[PDB]
Structures are given as C-alpha cells and as structure tokens.
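One chain follows as structure tokens, the form deposited in one PDB entry.
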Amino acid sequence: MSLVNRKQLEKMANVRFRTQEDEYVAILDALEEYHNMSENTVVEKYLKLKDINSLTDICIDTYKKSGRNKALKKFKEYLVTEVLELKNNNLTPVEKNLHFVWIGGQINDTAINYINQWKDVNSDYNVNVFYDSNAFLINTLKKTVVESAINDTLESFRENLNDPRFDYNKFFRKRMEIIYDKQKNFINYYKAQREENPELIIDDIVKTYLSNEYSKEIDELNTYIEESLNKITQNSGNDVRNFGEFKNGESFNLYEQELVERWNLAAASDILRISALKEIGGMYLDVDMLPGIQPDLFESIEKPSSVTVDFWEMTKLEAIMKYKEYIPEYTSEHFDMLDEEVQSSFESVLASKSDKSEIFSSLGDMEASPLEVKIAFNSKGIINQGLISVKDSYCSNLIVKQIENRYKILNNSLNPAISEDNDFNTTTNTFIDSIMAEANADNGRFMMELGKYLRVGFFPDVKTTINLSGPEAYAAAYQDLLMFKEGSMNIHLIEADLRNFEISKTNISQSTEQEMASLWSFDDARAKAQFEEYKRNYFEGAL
C-alpha cells in the first residue's frame, strides 16, 4: 500500500544511456524526502506530494519526447492513490457538534421536531442552530414582495389568463420583471440607509421598509422578531452575529449579498455551513435531514419488486412516524399505498421495539482525515445536505476558497450590470454579455450557469446556487485536492473519485418528507400548480 520509493521509481522511469536530468533528479530527491516524513502531520505530507506532483509536471513539459514520461505519468497516478492512502489511514476525532442553519425568519415546529430526533439519539453531541439576530424579517420581506408581484401580474394579464392554455411561463416571466423592480427598490433603500446610518441593522431597515412600502405594523413585526428570537434561543440557537471569524472573513459579504440582496437563504446557508465546519468542526445537517435508521430494523421486511429503492426508503420513515408518532403531521402518503400485509409487517416490527435508540442509530465517535470534508450522496451525486469535517480540514479551506473565487467571477460581471440602473431584462442582457466576454475554455460551463443568477428563487428550475456555493464547489475542491492544485473550474472528476469523500449512507436518512419540497427552488410541475393556485386565490379575493 506504500507508494514507490526512489529506487522503484528509477527502475520505472529508466532509459538506457540517458542521464538523470535536474528536473528528474528533483522528483527523486523529493520522493525520498517524502519517505522520511513519518513524524509529520498528514497535511505536511499532502503538501509534499503536491510538490512532488508539481516537479513531475515540470519534468514532463521540459522533456516532452522523453522515454521517462510514460513512467512519470504512471507515477502521477500513484501520487493520487497515496493521497487516498493518507486520507484513509490517519484519522482524527470529529468534534461532537451538530450544526444546523436556519436564517431569515422564525423556525417552524416541524424543523425543530426533525432536530430533536437527532438530539434524542446523540446526547453526547453539542447542537448549534445557527441564526442571524439582525435578519429575522428577510423571509417576510421576500414573501410580501413576491405576493405583491403575483397580484400585479394577474392584473396585467386578466382575461387573457383564460385562454387558451395560456403559457404559464409568461406569468413567471412578467412576475420576475416586477420582482426585480421591487427588490432593486429595497436594495437601493438598504444601501442608502446603511450609508446614512451605519449603526442600523438589517431588521430595522426591513421593518421600516415594510411599514413604508407595504403598510405593515412595526409593532407586529417587532413581536415576531421577539418570538423568533425567543424560540431559537430555546432551541440551541447560535447567533451568526457572534461568529467573529465568519463576520471578519472574506465570505461574510457573500453571505449578506445572498441574505439581504438576493433573499436566497439556501445560498446564505451554503456559505455559513462550510465556515462553521472549518472553524468549529463536526457534522452539518439540513433541517430536513433525519438520523440514520438502525440497519437491522427492517431487514425482515422484503422490498416488493414493484417498488423503487427511494420509494421504499420514504415508506420506512413513514412507517416509523405512523406507529411511533415521533413527529406530528408526518405524511403516510407512500406507506398507505402498500399492501395491508406489508403494512402489518411494519407495525409488528415497530411494536416489538420500546425505544427510539432501537429505531434510529447514533452517530457515536466518528473520525475522518485532517485532509477531507465528507459529503452526502444521493441518486444525482454529491449533495451538501450532510457534511462531516474535523476542525480546519484542508478541504474545508479549499471549499471556502472555491466559493469565494466563484462569487468573485459572478460579482465582476454582475455588479457593473446592476449599477446601470436598468430593468430586469436590460440588466440580465448586460450581465450575460459580460459573463460571455469573460468565459474561457476551463470555466465556460460554470459561466453558462451564472447567466441565470438573477431569477434564483423566483423562476422554475433555476439552480445556479448549486454551481456557486453548493455541491459543485465541493466537487471542485475535491478536484483541487486530487489534482494537487487550487481553483479548478472545469470539473472532470467522476462518481468513483467523489465516492472517496462520501458519508456512510447509514449516518443520514435523506428520504424525508421535508426534503421533497425545496425552500429556495421549485420545478416546472410545481410552477404550474402555483400559477393555477394563484389564479383561483385571486378570483376568490373579493372577501
């Protein structure tokens, strides 16, 4: 399992009558050094392999027709394998912290109920539910602005809505234009207020705005802030405004951009979660994730052949919540579709258990490499709804830097476009023209995903966040690690590469009810059902 020594590499890369060139010798020296590093940190050894890798590339480029290159390229594969060896063999304890994030408003009971299942089965774990005490009204601001735009849009189309099958995309298109205008109005107000009185907090500005523009009662908004603050305080709340390292770092401006300007709480949470992991260590979880089910629990019950795996995984939790009642209002939509015999097998199994510890597994003493961040997987690949990292892991730093470099590219084209104070369509075109002029061979595909940034949260199937602060930033960091580099923009890693960094599937139950409804995005199917909902809501409005 050891990777090659100096002599073994000289045999490999041997070419009769060719002297060892300086750049060849350099690799050889560096390799022997690496084998003298028993007492060094894993990170120190990774950095050595990184330099060995860099010296190998130099040698290859310096002598492109060399009989050594075939073996040198082989040697590079060995370096990667060694990183995985290093990663898999030098494990340190994961700090016993569970980190949840809920920002922008009051947390609901169902989110708390999911959180308590984890608490209930991981008593040795300190729980953080990150919130922003300056920013409990962002969810209200977005809701009010979007509902206002919904109404203005219907009043624009009117009877044209009847006929024929009017293209519902026209609705969301016109509504985006109105949303962009209102949002710009607020952003302009926020910036004017901050520059007039830097002591003002987001919520002060938001409630004044809501009161001025939407005739909201600030007394009521005040009471909601009060209630939200109290509730999260009682539920392991941890204020972002006290997270000093995060506040003073280069990501905080990105966080606030998503929070205050774009109203994208999932993107804001993407930025927060990884800084929390870097700075504190532990395990990050989305509030719609539940503890792993005990593997032995349902073994005696065979999945019917007619039913898919993901369907079966949903019904397991639905079975649990039906008979054990751990979480109020939990759906049994799928469990109920089953044959009565299979339902009986579930209730007989669950009945033979008296404890929640017999139902959900505990996380226990986990360990992972100082090099890595482990990430959840689903049918579509990596997903950052579950993350595991020791404090200050090398990858956590790689991910933070990916996100920041991704936002730097975004904002370089976006800010000038927005500062021309034009409408949605003009702004969009200007921004895309700039994105296009700035794209090259190795970021092209990333750039194609940015063009859509301005509609995030407001138009169906706009998922740009994924490419900016979400899963693609992690894939890119992993490529950084295994490619011995920084700033990868073209992802070429395959599933098997990324599988190296996976969280064991048994540590998380992903197929939950709340996971089936995205809070920051919505698909075409959902867009259609919203649009018709809005049509009928409005018609019933004579009240």
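Position 1 is the first residue in the sequence shown; the rest follow in order. The term rigid core refers to the maximal set of C-alpha atoms that superpose within 1.5 Å between the two forms.
There is another form of this protein, the form deposited in another entry, and it is not shown here; the text below is about that form.
- Considering 518, 506, 40, 66, one residue stands apart with a C-alpha shift of at least 2 Å between the shown form and the other one following superposition on the core, and it is 66.
- After superposition on the rigid core, displacement of the C-alpha of residue 164 between the shown form and the other one amounts to 2 Å or more.
- After superposing the rigid core, the Cα of residue 18 is displaced by 2 Å or more between the shown form and the other one.
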